[PDB]
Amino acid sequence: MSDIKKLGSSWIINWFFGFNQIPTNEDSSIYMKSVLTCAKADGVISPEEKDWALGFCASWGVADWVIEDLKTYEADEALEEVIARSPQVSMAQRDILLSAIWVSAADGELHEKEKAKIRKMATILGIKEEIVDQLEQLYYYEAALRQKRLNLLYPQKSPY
């Protein structure tokens, strides 16, 4: 990465995850595969949901291979096996779940099906229900506060 690329990537990685180092492309890949597995869970993941996930991943400034490989990835592997590919991703259980919630929300408000999926995955991930409930709440609050931001900045027309 260029120094300017590293500036943007470090900032955004720190912004969303609190990290003081940019994850390896390999780790970004494994993390996103986990997220997609989690969001898809039993069922399917819609194009819109997958597109949001890929866009989120691209924003971190990952190498192109990571996105091209996610595009063709069939998230049909066992979630516990995926996370075990990396010691770093294997610390990321709550982080993965939260991103999976946001991905699932991308194509509309969470249905009971999607709430059921997330809990099935949280069980696989070893996350207690109280924590799952807190992560869902955090999602709703984050989504609501973003909407509040946008409506305050641009109540009428937006330039772009």
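Residue numbers run from 1 along the displayed sequence.
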_65-73 versus 45-53 - which carries the larger mean C-alpha B factor in the record_ = 45-53
*For the higher mean C-alpha B factor in the entry, choose 34-42 or 129-137.*
34-42
*Report the third (lowest, middle or highest) to which the CA temperature factor of residue 124 belongs, ranking only the modelled residues of the same chain.*
highest
*Considering only modelled residues of the same chain, in which third does the CA B-factor of residue 110 rank: lowest, middle or highest?*
highest
_CA B-factor ranking of residue 116, expressed as a third of its chain_ = highest
